[PDB]
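**Q** Top line first, the protein sequences correspond to chains A and B.
Under PDB author numbering, the first residue of the first sequence is numbered 4, with each subsequent residue one higher.
Under PDB author numbering, the first residue of the second sequence is numbered 4, with each subsequent residue one higher.
The beta-carbon is built from N, C-alpha and C at its ideal position, and this holds for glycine as well.
Following this message is one structure expressed as structure tokens.
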Amino acid sequence: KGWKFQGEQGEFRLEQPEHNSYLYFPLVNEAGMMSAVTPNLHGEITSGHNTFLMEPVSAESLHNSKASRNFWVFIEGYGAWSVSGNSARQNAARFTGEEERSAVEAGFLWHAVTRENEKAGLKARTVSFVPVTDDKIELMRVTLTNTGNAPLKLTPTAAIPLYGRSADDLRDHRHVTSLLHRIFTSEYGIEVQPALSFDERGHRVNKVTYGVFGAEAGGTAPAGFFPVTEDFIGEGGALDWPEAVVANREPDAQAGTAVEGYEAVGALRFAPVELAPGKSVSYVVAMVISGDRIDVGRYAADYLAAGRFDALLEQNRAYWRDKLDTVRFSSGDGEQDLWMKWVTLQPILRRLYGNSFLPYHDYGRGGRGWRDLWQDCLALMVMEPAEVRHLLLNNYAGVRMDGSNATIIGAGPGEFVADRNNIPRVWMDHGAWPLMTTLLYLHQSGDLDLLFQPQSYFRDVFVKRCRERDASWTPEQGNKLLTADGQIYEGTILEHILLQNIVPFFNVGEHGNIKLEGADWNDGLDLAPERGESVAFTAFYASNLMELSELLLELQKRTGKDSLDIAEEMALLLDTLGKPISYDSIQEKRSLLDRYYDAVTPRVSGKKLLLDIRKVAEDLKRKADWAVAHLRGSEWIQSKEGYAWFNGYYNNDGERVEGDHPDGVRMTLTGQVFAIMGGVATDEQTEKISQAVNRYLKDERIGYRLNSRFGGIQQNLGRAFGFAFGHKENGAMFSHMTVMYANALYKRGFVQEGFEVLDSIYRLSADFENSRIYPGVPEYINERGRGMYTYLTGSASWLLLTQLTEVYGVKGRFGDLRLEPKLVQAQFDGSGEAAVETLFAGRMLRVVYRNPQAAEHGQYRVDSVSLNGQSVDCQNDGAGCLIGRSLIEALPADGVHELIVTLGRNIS
Amino acid sequence: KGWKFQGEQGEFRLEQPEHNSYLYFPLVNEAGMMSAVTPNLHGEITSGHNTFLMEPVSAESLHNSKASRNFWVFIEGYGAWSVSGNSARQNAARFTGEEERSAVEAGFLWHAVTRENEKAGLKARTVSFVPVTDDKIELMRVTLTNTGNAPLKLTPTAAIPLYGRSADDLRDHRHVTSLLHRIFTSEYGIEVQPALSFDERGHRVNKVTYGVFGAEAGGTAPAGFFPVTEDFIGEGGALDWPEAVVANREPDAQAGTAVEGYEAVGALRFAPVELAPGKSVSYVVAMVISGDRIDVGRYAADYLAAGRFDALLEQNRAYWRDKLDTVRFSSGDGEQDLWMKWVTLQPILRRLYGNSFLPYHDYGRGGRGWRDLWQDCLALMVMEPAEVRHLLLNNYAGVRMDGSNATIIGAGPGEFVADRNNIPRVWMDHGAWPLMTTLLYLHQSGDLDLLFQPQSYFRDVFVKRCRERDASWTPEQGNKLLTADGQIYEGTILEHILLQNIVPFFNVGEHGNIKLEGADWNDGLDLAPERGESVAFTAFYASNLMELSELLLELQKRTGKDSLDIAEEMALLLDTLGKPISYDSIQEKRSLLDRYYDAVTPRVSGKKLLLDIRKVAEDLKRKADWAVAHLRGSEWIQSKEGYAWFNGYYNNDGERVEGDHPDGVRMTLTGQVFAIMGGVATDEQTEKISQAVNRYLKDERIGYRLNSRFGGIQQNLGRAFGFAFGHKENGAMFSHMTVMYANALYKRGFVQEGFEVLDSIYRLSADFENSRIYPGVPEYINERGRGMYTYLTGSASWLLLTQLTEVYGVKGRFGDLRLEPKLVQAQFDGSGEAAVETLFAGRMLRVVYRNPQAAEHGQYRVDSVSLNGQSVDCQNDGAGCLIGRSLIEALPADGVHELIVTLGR
Ligand SMILES: O=P(O)(O)O[C@H]1O[C@H](CO)[C@@H](O)[C@H](O)[C@H]1O
Ligand SMILES: O=P(O)(O)O[C@H]1O[C@H](CO)[C@@H](O)[C@H](O)[C@H]1O
Ligand SMILES: [Cl-]
Ligand SMILES: [Cl-]
Ligand SMILES: [Cl-]
Ligand SMILES: [Cl-]
């Protein structure tokens with residue numbers, strides 16, 4: 004069987020875990036230690052691309068490399084034995100039905116491997132976690148227990164294989180760079196500090212030190228060390244059967260030894276020990292990365308002294324419990340509520356790993372992309388709202404004056420990097436996500452004033468959305484847009500938003516939809532920059548323009564403001580205010596955009612125009628209406644079989660991608676999602692889209708595919724079609740897009756369809772027989788039902804947000820709290836209750852929905868709402884109940900405040 | 004217990020070979036299949052940086068990765084068993100004293116792993132080689148033998164783990180790129196053809212196909228396949244304990260199956276077989292790389308049909324025997340004579356591997372560097388002369404009009420590439436080696452006319468020896484030096500040579516020796532381009548100038564010609580012909596060089612001057628004499644203990660590198676070698692140098708170190724000092740430099756000292772207990788006595804050349820054959836003979852030296868010489884006996900012609 008949850012805090016257990024390929028669990032802290040641990044203690048440990056403590060790995064390494072973390076016991080009358088089962092002898096029992104009993108347990112945020120040797124009568128339990136302290140450190144505790152009837156004599160040896168340099172050195176100059184190693188032994192362990200680093204940064208002095216240290220439970224140091232890998236393993240040996248352990252050799256080194264020029268292993272030999280029947284002995288090992296030589300005394304006192312491991316583990320458990328208790332779901336699906344706690348962890352992991360340094364994520368180098376700056380705000384708005392305002396303001400510094408944006412993110416707040424040499428890529432969807440995220444912030448917080456903050460615009464060598472290079476640019480002008488007088492231009496946050504959505508409107512292909520450029524959301528649609536079109540994201544931009552129009556009008560009626568400060572050159576793009584052009588003409592839209600580019604390159608005038616907020620809203624509505632009409636009139640398609648949906652793409656030959664085709668209908672999920680979400684699709688078109696999706700995309704084994712099968716490579720569209728069908732962006736169940744589809748369905752009132760979609764993701768993810776993953780939502784479910792690219796996927800943010808804001812219906816409306824449950828009957832528990840604890844206006848609320856009548860969605864309404872005891876007026880704007888912000892703000896800061904919403908049946 | 008030679012052809016055997024870490028053996032062909040094989044059949048298989056059939060590896064992989072080539076037998080009553088010992092079960096016996104008996108045998112050019120299972124009564128023998136056909140293919144034959152008293156029932160499964168893409172994908176996008184895999188099964192095996200390649204070339208369509216195919220001895224196809232790696236190994240399995248084999252599962256796939264998106268393994272399941280007591284069964288596996296889908300029928304007919312393996316192996320043995328029989332040594336040291344046969348193989352390997360794609364050589368990408376263009380000619384002149392003239396002419400196309408040279412070598416003959424990635428590096432020694440190699444060609448061949456062939460000069464954005472960028476440069480100027488009128492300038496080969504040696508003469512540092520620039524021979528001396536000086540290579544350039552002077556004079560007296568065609572601008576550099584400058588002035592030498600650079604940048608005039616050959620020789624001699632005087636007067640140094648030698652370097656602070664120092668004397672071998680070789684060092688200075696070398700550099704465990712210990716990193720000198728002492732260019736016994744030291748000693752008559760040096764390299768290399776290498780000379784012997792960077796080192800070329808041309812003394816003199824033995828008494832065999840078979844003027848000669856008087860070197864002379872029977876005039880008393888080229892050319896083409904040289908007191 005799969006894993007089974009234990010207790011009510013999200014802890015789980017998996018029996019015989021190493022009977023599954025490619026499993027791994029994450030251990031990480033804010034300080035920057037990033038680890039992965041497999042059932043046999045393989046994985047990796049790193050603090051960045053250039054500073055790997057253990058060897059860099061991909062998926063195949065987890066079986067093929069012998070260099071796991073290990074801890075050995077030489078058992079008298081038996082021999083060498085690995086506490087995680089990673090020895091030649093133990094591995095040779097796999098598939099013979101003579102395997103030792105074993106298990107993984109894990110929680111927030113820690114991991115435990117158990118193993119039993121019935122022959123010798125020994126049990127081992129090895130706990131890994133990364134402390135929540137300001138050090139880059141991983142700790143290991145091995146506890147050995149004599150489960151037999153007589154004394155055992157054991158000789159323990161810890162062994163953490165070291166790498167201690169850049170992943171650039173994996174093979175390229177791998178051996179040469181081993182010659183730069185300097186190993187220093189001391190009382191508690193082994194430090195490795197290369198003299199130099201050779202990697203893509205060049206040849207440089209290194210001070211970075213990688214440390215492996217250990218002690219018995221009582222604080223007693225190791226008896227000695229085998230710091231040199233080839234000496235530890237022996238001539239013709241290996242890390243899963245090393246001579247030093249197998250032949251029980253005396254230590255090569257004591258404290259104060261230096262050794263130069265060899266690959267290193269943190270091999271710590273402990274004193275031999277006699278273990279009474281029933282009694283235990285424990286060992287603590289620490290793996291440390293530091294910017295210089297390590298104060299080994301301080302680390303020994305903080306991590307290896309008696310009871311430090313146990314105390315730090317409690318500290319770790321409490322810190323993570325505190326992070327995750329910001330969102331708690333409670334329903335008739337107890338297994339799913341606890342599964343969602345792991346989903347709730349994932350957005351934090353993506354931040355702390357920088358979408359990198361786990362075995363599948365083998366290409367990542369730790370940075371953040373443009374999308375992450377926005378996506379990371381979604382989890383934060385729900386879990387840690389305080390930080391979000393600062394992050395959004397800074398993010399808008401990266402926008403260029405042509406609507407595009409910096410694609411390389413820097414160290415500082417609002418720091419972005421120019422790449423003046425590389426042939427650079429524009430993703431056409433990059434302008435769409437900021438508004439969506441910002442709108443969410445406005446509705447949760449009520450902070451409408453954010454839209455009128457000043458901010459600069461990014462500027463580098465690339466202009467006209469990276470079509471041309473600029474001649475008159477030097478390093479002396481700096482990375483910000485200048486005025487005629489040479490000053491840094493600043494526009495409203497709103498001016499930035501306008502620009503990001505208006506520019507794409509005019510940037511149309513030969514079929515009238517917005518150009519694909521380098522790709523949209525789908526990174527694999529990278530081969531149609533000349534003639535490609537993302538109809539899919541045209542519906543997103545159309546919807547954004549309409550929301551912008553509604554937003555401006557609502558700013559007038561709430562703020563009172565009549566005016567918008569916008570740069571004079573942007574007035575060209577708001578042509579409804581001057582001499583309107585025909586939006587039916589492609590030539591005219593292109594020409595007007597070329598005029599705009601010329602007006603703002605290399606500099607702007609600096610002069611701003613002050614425009615009527617209602618007249619600007621009218622321009623935005625006109626554009627939106629045009630796009631809505633064109634999409635419905637020109638990109639609504641039907642197969643001969645009678646299904647109908649929206650074409651999502653035109654390829655680099657100007658050909659429509661979707662519809663009937665030799666070898667089968669071509670359809671994409673991406674082409675439907677934003678049409679539905681934003682209102683381009685009518686209700687009738689949404690019913691039809693769902694049927695076409697269910698017909699062409701919904702697989703009975705793997706769920707809602709990102710696209711149907713296109714035969715072979717598609718070199719006029721994208722490299723994604725080089726992937727085998729059902730993998731990555733070619734037809735896998737790609738969680739992010741699928742969650743957004745569900746989100747869109749819920750938004751539009753298609754609740755049963757939306758539920759089916761969300762429930763599919765959970766069922767696939769948790770069907771361990773096929774998925775072979777721990778709790779969490781993967782990036783994708785593949786052709787064989789396996790969970791791929793675990794933990795770091797952005798889909799988790801959306802899953803969390805969709806459950807909170809759509810399914811349980813707890814969301815903001817200009818800072819006021821709206822309650823609009825879209826829960827189905829089957830989600831209510833044995834007392835007809837389903838609840839969510841969440842943060843809103845700086846207070847923890849337990850929103851409990853009571854459905855005593857057991858009504859299905861559509862058959863229920865809100866009958867009453869009581870807040871912490873007393874009654875509440877729900878001044879109901881539309882289909883749900885609306886509570887004013889002040890009533891929540893008036894609550895006590897401490898404690899969880901209960902808000903009981905009673906549901907009853909409809910009339911008539 | 005090391006390896007032991009067997010027979011007289013250089014075949015060897017090693018018992019319990021996998022009791023040694025990091026061992027590997029090379030298998031390679033001209034077609035481009037490049038392989039390495041370890042005692043457990045690990046290593047790698049590739050046709051280039053971007054086309055790896057098996058996973059790319061470094062040293063640590065050879066133990067740490069489970070993905071060796073493998074062949075499994077599921078033995079009834081026993082279970083899974085690897086014919087090479089690479090299974091979890093078999094590995095778990097290591098260090099328990101329950102290991103199975105095993106062995107490697109190898110020869111030219113093939114490899115054999117044997118193993119015995121005493122429990123089951125089964126012996127396996129697995130032979131690997133690369134055929135000498137026009138395909139990129141490696142073959143494996145596994146022969147299983149029942150050594151027990153009752154029948155065995157066996158189920159065989161071959162398993163070659165596939166990678167099938169660029170080494171760029173090793174980790175970076177490793178998994179993503181697995182999704183591009185397309186696996187096709189057919190009757191005889193498995194093809195992998197990725198739909199696309201993602202690597203440093205970009206995202207592209209791929210057609211390259213990687214194939215694993217197999218058959219029984221009779222040509223019977225496999226019963227089926229497990230083409231998908233994760234299915235073959237099983238959930239929680241591994242390539243050294245795969246479920247498909249361990250649980251004896253039925254095949255996943257038959258012929259005609261396609262599978263997309265997974266890592267692949269060439270896992271071929273053969274029919275179960277009952278093996279009688281005493282009898283054998285064999286299997287042939289073929290690993291193929293092709294530019295498109297493979298014609299599997301043709302490969303099956305050519306490689307898998309009955310008796311094809313055995314026939315192709317004979318063909319391989321004969322081809323290599325024929326390549327290596329061009330040089331054969333025979334002496335009182337039989338083990339060394341056979342060891343040298345392996346040394347003789349190495350230059351061919353360096354060419355065919357492009358100094359890459361063996362486990363230690365983990366940074367190489369298959370290309371050639373500037374030095375290789377010259378070094379590769381040394382082995383060729385002795386083993387395959389025909390190609391050499393063309394290679395030299397083409398090589399000179401790479402020289403720039405400032406004496407520097409292109410550093411990136413291209414596809415075509417004489418094609419050189421301009422560096423698109425900024426970052427230009429000049430190695431100051433690059434101008435020195437061409438003359439040394441060319442002179443050797445002139446003396447072996449007699450083809451003095453080569454020096455007057457026309458050739459272009461390379462041109463790119465970088466000028467003044469890559470100090471400045473050129474303003475008036477576009478793609479529009481092209482890759483060749485233009486004249487004022489816009490034509491491609493062509494100069495004599497000799498004009499190129501002059502320029503390469505004269506420019507460095509003026510390119511001096513603040514201490515008056517030639518600037519280090521980006522590094523010299525030592526690639527690790529890369530941190531003193533501003534103020535560094537290579538005194539070491541100043542002695543080389545000084546010697547080159549003198550040889551050039553002697554050469555020009557000898558051209559007059561042999562060709563008859565009195566003139567040299569040289570570009571007018573080069574006359575500035577031959578200042579003795581116009582207004583001489585003072586060579587004692589650094590400022591004046593620098594200024595004259597800056598004038599020259601200005602005269603030739605961006606273009607030359609095209610007009611040539613015709614200069615007196617004797618007056619040019621006079622200019623060259625003047626320079627040489629100046630450099631010889633300055634080095635002896637200013638760079639001869641002494642420690643307080645009283646040892647004396649030549650300072651080799653100034654560092655980037657303008658400080659002298661060598662001499663007394665806190666924590667110990669600093670001395671380099673490189674600073675001595677060319678001083679000795681070229682005559683800068685007098686005989687007395689050479690005696691003293693050898694004593695200082697022996698005192699400071701000669702380690703009793705590891706031999707002649709490249710340098711003594713400098714404490715810690717040396718950031719004003721080179722990155723080499725970041726290496727642990729005794730590794731790579733920081734104080735290891737670095738074979739190339741050590742061989743050249745020996746060469747220099749022999750050249751100067753220090754024969755006992757030279758012998759000690761050459762014998763040290765052999766003894767260290769062959770002391771397997773410490774060296775842990777197969778026969779051959781390594782790049783270096785390290786601090787623990789281990790042989791490192793095997794096979795591909797350029798030291799082998801020099802070792803071969805030094806044994807032939809100095810030790811046995813068989814060398815050219817303007818095409819005439821000179822015999823000048825420098826053999827010591829102990830090298831003569833039991834009949835007082837030592838001999839060498841070698842190619843000269845297109846004929847195989849067996850030069851046999853007879854020393855009946857048992858005289859030591861220095862006490863013997865040449866008393867008579869007979870050629871195939873009749874007597875020979877030796878037109879020369881002094882140093883050696885000199886035989887005219889015609890007498891050799893008059894011999895029959897076929898056959899080995901004996902030339903008996905009798906030595907007396
Ligand atoms: O892993 P994730 O976040 O689910 O999704 C990943 O692939 C998507 C499709 O190419 C991109 O839009 C995301 O930026 C990327 O992180
Ligand atoms: O491996 P090899 O050829 O013995 O020697 C290697 O290192 C030397 C010292 O840096 C260089 O001069 C050679 O060009 C290089 O190939
Ligand atoms: Cl056992
Ligand atoms: Cl990155
Ligand atoms: Cl056994
Ligand atoms: Cl290369």
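Quick one: using the 10 Å Cβ neighbour count with 16 as the cut-off for buried, is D663 (chain A) buried or exposed?
**A** exposed
**Q** When you compare the CB of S24 (chain A) with every CB in chain B, is at least one pair closer than 8 Å?
**A** yes
**Q** Between the stretch 227 to 257 of chain B and chain A, which residues of the former have CB atoms less than 7 Å from a CB of the latter, in chain order?
**A** Answer set for the stretch 227 to 257 of chain B: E233, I236, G237, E238, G239, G240, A241, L242, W244, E246, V249, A250.
**Q** Can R368 (chain B) be considered in contact with ligand 6, in the sense that its beta carbon sits closer than 7 Å to one or more heavy atoms?
**A** yes
**Q** Looking at the C-beta of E63 (chain A), does it have a partner C-beta in chain B at a distance below 8 Å?
**A** yes
**Q** What are the residues of the stretch 509 to 521 of chain B that lie near chain A, defined by any Cβ-Cβ distance shorter than 8 Å?
**A** Those would be none; no residue qualifies.
**Q** Quick check: what's the CA-CA separation for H633 (chain A) versus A684 (chain A)?
**A** 12 Å
**Q** Counting only Cβ pairs nearer than 8 Å, list the residues of chain A close to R722 (chain B).
**A** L199, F201, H206
**Q** Residues of chain A with CB closer than 8 Å to the CB of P59 (chain B), please, in chain order.
**A** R174
**Q** Who are the Cβ neighbours of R908 (chain B) in its own chain at under 7 Å, not counting the five residues just before and after it?
**A** Setting aside the 5 residues that flank it on each side, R908 (chain B) is surrounded in the same chain by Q856, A858, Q862, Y863, each with a C-beta closer than 7 Å to its C-beta; the list follows chain order.
**Q** CB of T136 (chain A) to nearest heavy atom of ligand 2: below 7 Å?
**A** No, the beta carbon of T136 (chain A) sits no closer than 7 Å to any heavy atom of ligand 2.
**Q** Which one or two residues does DSSP pair with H206 (chain A) in a beta bridge?
**A** A:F201
**Q** Thinking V603 (chain B) and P362 (chain B) are a contact (beta carbons under 8 Å), I'd like their distance in whole angstroms, please.
**A** Contact doesn't hold; Cβ gap of about 46 Å is too wide.
**Q** Less than 8 Å separating the beta-carbons of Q806 (chain B) and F332 (chain B)?
**A** yes
**Q** Return yes when the C-beta of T796 (chain B) is under 7 Å from any heavy atom of ligand 2, and no when it is not.
**A** yes
**Q** One question on the structure: do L502 (chain B) and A627 (chain B) come within less than 8 Å of each other, judged by their Cβ atoms?
**A** no
**Q** Given a cut-off of 8 Å, decide if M386 (chain A) and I517 (chain A) are closer than it, judged by their beta-carbon atoms.
**A** no
**Q** DSSP beta-bridge partners for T129 (chain B)?
**A** B:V116, B:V145
**Q** Which same chain residues end up closer than 8 Å to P427 (chain A) when comparing Cβ atoms and leaving out the 5 residues on each side of it in sequence?
**A** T410, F465, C469
**Q** For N879 (chain B), collect the residues of the same chain with a Cβ closer than 7 Å to its Cβ; drop the 5 residues on either side in sequence, then sort them by chain order.
**A** Excluding positions up to five away in sequence, the list reads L885.
**Q** Could you tell me which residues DSSP puts in a beta bridge with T905 (chain A)?
**A** A:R853, A:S867
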